[PDB]
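Residue numbers (the working numbering), protein chains in the order written: chain G, 1 to 87; chain F, 1001 to 1167; chain L, 2001 to 2075; chain C, 3001 to 3190; chain B, 4001 to 4078; chain Z, 5001 to 5038; chain V, 6001 to 6103. Beta carbons: idealized from backbone N, C-alpha and C, even for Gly. Remarks on the structure that follows.
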Amino acid sequence: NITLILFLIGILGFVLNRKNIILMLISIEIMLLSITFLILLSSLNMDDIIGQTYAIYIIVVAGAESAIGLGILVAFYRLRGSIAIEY
Amino acid sequence: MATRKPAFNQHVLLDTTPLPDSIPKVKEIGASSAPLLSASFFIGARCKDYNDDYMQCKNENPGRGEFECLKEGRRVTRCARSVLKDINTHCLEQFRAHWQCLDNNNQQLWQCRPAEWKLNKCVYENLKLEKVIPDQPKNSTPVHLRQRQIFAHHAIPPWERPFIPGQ
Amino acid sequence: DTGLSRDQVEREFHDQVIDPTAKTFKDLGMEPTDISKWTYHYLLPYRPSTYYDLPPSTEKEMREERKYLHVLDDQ
Amino acid sequence: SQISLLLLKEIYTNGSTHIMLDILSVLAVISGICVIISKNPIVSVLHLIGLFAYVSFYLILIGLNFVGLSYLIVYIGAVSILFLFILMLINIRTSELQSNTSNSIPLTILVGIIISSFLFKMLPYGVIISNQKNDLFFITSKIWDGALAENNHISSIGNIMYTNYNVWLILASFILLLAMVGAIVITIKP
Amino acid sequence: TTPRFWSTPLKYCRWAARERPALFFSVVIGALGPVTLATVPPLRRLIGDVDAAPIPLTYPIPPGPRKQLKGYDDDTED
Amino acid sequence: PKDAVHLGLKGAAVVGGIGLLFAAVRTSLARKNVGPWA
Amino acid sequence: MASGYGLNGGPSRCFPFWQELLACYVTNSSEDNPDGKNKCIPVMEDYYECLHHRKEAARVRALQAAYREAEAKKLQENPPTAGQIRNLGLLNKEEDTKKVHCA
C-alpha cells in the first residue's frame, strides 16, 4: 500500500513540474524504488528468493542508468550552462 | 502454522484440545537440546532404520506426511526414548558431564572432547552403540578422534585420549 | 534579556506621547534622519547573497552563456 | 467445558513492534512529498536520501536485511553522493525552477484518484491485507527438516545467482560495462 | 624509448616489471588464478590429496523401498 | 425499451469526465499563474 | 512463489502447488483435447490460494466471529492467568497444568 502511494509521488513529480528537469530524474528514482519495494514485500509473502534477486538487479540497473543520465546531463550542461527550462 | 520466520510476534497461541482417542497415545521425549545432542549419535546408532522409515513414509505421501505416517512417527519416539533410558541407567555421570559441558560451550561438540570420549567409551561398553560419521576423509584421522582440536577455546590435555573401540 | 517581561508587555500597549514643552534636536542644531533611510545600511549583511537566490536570467544572460564552456572536460 | 484457545504475551524471544512500520511508512510519504515541492534541488535530493533510508529501515525491520543494507550502501552511499556532487557544482537559480504548482493541483487530484483506483486493484493480498473489530492474526510454527542448515538471505541469493540465474548476472555485467564506457565517452576530453 | 610489446615481447615484460610494477604484477597475479586452476588439482590427485565429500545440507533420504521394520509398535508403550 | 434521459446522463458524464481531464492539463500547462480554480 | 528456492535456502513454500499445476497441464492438455486443460482449474485455484490466502482469510474471519460470539454468551468463572499457563507442562507445576486444563 505504501509502495502504491510512493508510485503516485513519483507520478505527481511529472504533473507538478514544468521547469525542473532535475526533478524529472529524481521522480524516476522514486518510481523505480516504489516498484522494487513492491517486489520485495511480495517476495516475502510468497517466500521466494527470486523476488530479492530481481530487486537486486533493479538496484544495479537503476544505479547504472542514474550514472548514464547524469553523464548525459553533464554533456548537456557543458554547452548550455543551465538546467532550467525557459517557460 | 506457517514455517515463516516471524518478525513482529507479541503473543503465543496455545490449544488444549488433545488428540482423538482413535490415535494411540505416546509420551513425548522430555530431554532438552544439550542432552539430545550428547545422545544424538547414540540415537542415530540404534534408531537409524526407524528414522529413515519415518522420513521415507512422509516422502511417499507428499502433502499428507503429517497424517498417515503417525504410526511410524510413534516408533521413532519410542526408539529414541529407549536410548535415553538406557544411557540414564548405565552412563548417567558421564552423560551429565558431556551435556553440561556442551550446554556451557555453545553446544559446540569440538569444545567437549574429553567429556565425549569418556561417554563414548562407557556407552560402547554397556550398550554396544558406537559413534559413526559417514564419509570422513580416509587420508586424515576422524575429526572427533583427533587428539588436538584447532577451534577449541581450551587446549585438550595430553592425558585425555580419544576412545577408539577395539584398543 | 529575553526581550519579554511583564512590564514590557504592558509597555507595548502604551503609545509614545511627545511632551510639547521639552527641548528637541532643533535646540541643539540637529535634524534626525528617518529610520527607513538606515534599514538597508544596517541590514545589508542579513540579506542572502547565495547564487541560488538571484532572480531568473534575462534573455541577454541566456544568450551570453552560450559563449562559454561550463565544464572542464580536460580536468 | 473450558477455554480451549490460550492467548498470552510472549516474554522473551518477543519480536519487533508492528507500530514502528507505521511511522516508517508515514515518514517515507512526508519525505516523498518534500522531494517534489522543495524549492532548491539540493534540498530535494536530501529529502530523497531520507526516503531511501526509511524504505531501507523498513526492509531491515521485516527481516530483509541484505537488501535493506544494499540500499544504504548503493543508493545512499553512491548514487545519491553522485547526484549531490553534480547538483552542488552546477549553477542553479532557484527562481528559474519554480512552476506555479496551484495550476497543476486539479490535474494532481485527478491523476491521483485515477491511478490509485487502478493499481490498488492489482495489488495481491500479501500487500493489502493489513492496511485500511474482527482482525486477522498471522500464525507461525517451527519445522525441523527445513531448519537443518539455514541460509541467510544473502547465502540463499548466492546459491542461485551464479549458477541457476547467471544469465541475469552476465546481462547486468554488460549493462555496467556499457555505463562505464558511455558515461566516460561523453564527458571527458579525448 | 619505451619498448613495444608485439615486436619485442620479453623486453616489454622486463620494462613493465620495472616501470609499471603495480599494473604489471596485477596482470601476473590475475593470471595465477587460472594457472593454479590447471596445475594444483592434477598435482593433488597424484600425491593422493583427495577431495572431501560434500557435507549433508538436507536430510539424506535412503534410496530404495522401505525396509518393513517390526519394532517399537504401540503395544510396546508402557 | 431504454431510459433516454438516464442513458444520456451517463453519456454526458463519461465523455465529460475526459473533458474535465483535458481541462486540467490546460490549467497545468497554463503559463501565467492562474491558480487551481481556472 | 513458483521458483522453488525459498528465503532460508530451502525450497519455496508454494512450489509443490506450482509443480502440480504444471503436472496437470502437461498430462491433460494436448492438441487432441483442448478441453482437457479444464481439469487443471481446481489445481490453479489452489496455487493462487497458496500465494495470496484470500480464501483462508475469508474462512477465519467467519470462524473468529462465531468463536468470539460463543465466549460472550458463556461466563468464565475462573479463566487461567498468564503466569499459570507459563507453568503448563513443567516439571514441578502440576497444579497449574491441571488448573489450565480444567482437569
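Status (buried if at least 16 other CB within 10 Å, exposed otherwise) for residue i
i                 : result
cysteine 6102/V   : exposed
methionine 46/G   : buried
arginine 1075/F   : buried
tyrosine 3012/C   : exposed
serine 4007/B     : exposed
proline 1035/F    : buried
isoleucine 1023/F : exposed
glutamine 1111/F  : buried
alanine 5013/Z    : exposed
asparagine 3100/C : buried
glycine 5017/Z    : exposed
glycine 3068/C    : buried
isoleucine 6085/V : buried
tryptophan 1117/F : buried
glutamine 52/G    : buried
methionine 2030/L : exposed
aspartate 2027/L  : exposed
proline 3106/C    : buried
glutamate 1072/F  : buried
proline 6042/V    : exposed
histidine 1153/F  : exposed
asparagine 1051/F : buried
Residues near residue i by beta carbon distance below 7 angstroms, same chain, minus five either side
i               : result
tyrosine 87/G   : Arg18, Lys19
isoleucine 22/G : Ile83
Cα-Cα separation between residue i and residue j, rounded to whole angstroms
i                    : j                 : result
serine 3130/C        : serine 3025/C     : 13 angstroms
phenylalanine 4025/B : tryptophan 4015/B : 12 angstroms
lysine 6099/V        : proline 1020/F    : 21 angstroms
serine 2057/L        : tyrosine 77/G     : 16 angstroms
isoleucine 28/G      : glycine 10/G      : 7 angstroms
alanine 1031/F       : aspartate 4051/B  : 38 angstroms
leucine 79/G         : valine 2071/L     : 8 angstroms
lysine 6073/V        : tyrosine 6047/V   : 39 angstroms
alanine 5004/Z       : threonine 3140/C  : 58 angstroms
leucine 3046/C       : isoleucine 56/G   : 23 angstroms
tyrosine 1054/F      : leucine 3061/C    : 38 angstroms
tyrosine 2046/L      : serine 2036/L     : 16 angstroms
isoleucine 85/G      : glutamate 3150/C  : 55 angstroms
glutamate 1130/F     : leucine 1119/F    : 11 angstroms
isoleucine 4047/B    : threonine 4039/B  : 13 angstroms
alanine 5023/Z       : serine 3102/C     : 14 angstroms
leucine 4023/B       : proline 4009/B    : 16 angstroms
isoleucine 1087/F    : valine 1143/F     : 24 angstroms
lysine 1121/F        : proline 1165/F    : 8 angstroms
Supposed close pair residue i, residue j - CB separation, criterion 8 angstroms
i                    : j                 : result
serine 3038/C        : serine 5028/Z     : Contact flag wrong, Cβ pair sits at about 19 angstroms.
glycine 6009/V       : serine 3155/C     : 6 angstroms
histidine 1090/F     : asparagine 1126/F : 4 angstroms
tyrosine 2052/L      : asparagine 3040/C : 6 angstroms
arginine 1096/F      : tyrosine 4072/B   : That belief does not hold up - the Cβ atoms of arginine 1096/F and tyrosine 4072/B are roughly 26 angstroms apart, past 8 angstroms.
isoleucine 68/G      : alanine 3179/C    : 5 angstroms
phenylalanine 1008/F : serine 3016/C     : 5 angstroms
residue 2965/C       : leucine 6/G       : The requested residue 2965/C is not part of the displayed model; chain C covers only 3001 to 3190.
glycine 3112/C       : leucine 8/G       : 6 angstroms
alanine 6070/V       : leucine 3008/C    : At roughly 20 angstroms, the Cβ-Cβ gap does not stay under 8 angstroms, so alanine 6070/V and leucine 3008/C are not in contact.
Pick from the options that is closest to residue i, judged by C-alpha positions
i                    : options                                    : result
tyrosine 3125/C      : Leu32/G, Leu41/G, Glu29/G                  : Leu41/G
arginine 6013/V      : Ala1007/F, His1011/F, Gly1073/F, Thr1003/F : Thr1003/F
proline 1114/F       : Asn1088/F, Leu1145/F, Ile1133/F, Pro1137/F : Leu1145/F
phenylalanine 3057/C : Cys3034/C, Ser3095/C, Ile3023/C            : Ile3023/C
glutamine 1100/F     : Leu1013/F, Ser1038/F, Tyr1054/F            : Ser1038/F
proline 2048/L       : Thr3094/C, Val3029/C, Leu3021/C            : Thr3094/C
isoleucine 3003/C    : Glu1072/F, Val1012/F, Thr1017/F            : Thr1017/F
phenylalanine 3137/C : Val6026/V, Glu6045/V, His6053/V            : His6053/V
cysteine 6040/V      : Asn6087/V, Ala6058/V, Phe6017/V            : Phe6017/V
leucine 3177/C       : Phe14/G, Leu12/G, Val15/G, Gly63/G         : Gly63/G
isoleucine 26/G      : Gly3077/C, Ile3049/C, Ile3128/C            : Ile3049/C
residue 4082/B       : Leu1092/F, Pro1137/F, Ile1150/F            : Any property of residue 4082/B remains undetermined from this structure, which presents chain B solely from 4001 to 4078.
Own chain partners of residue i with C-beta closer than 8 angstroms, once the 5 adjacent residues on each side are dropped
i                 : result
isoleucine 50/G   : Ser43
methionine 3088/C : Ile3042
Spatial neighbours of residue i in its chain, beta-carbon cut-off 6 angstroms, leaving aside the 5 residues before and after
i              : result
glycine 6004/V : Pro6011, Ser6012, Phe6015
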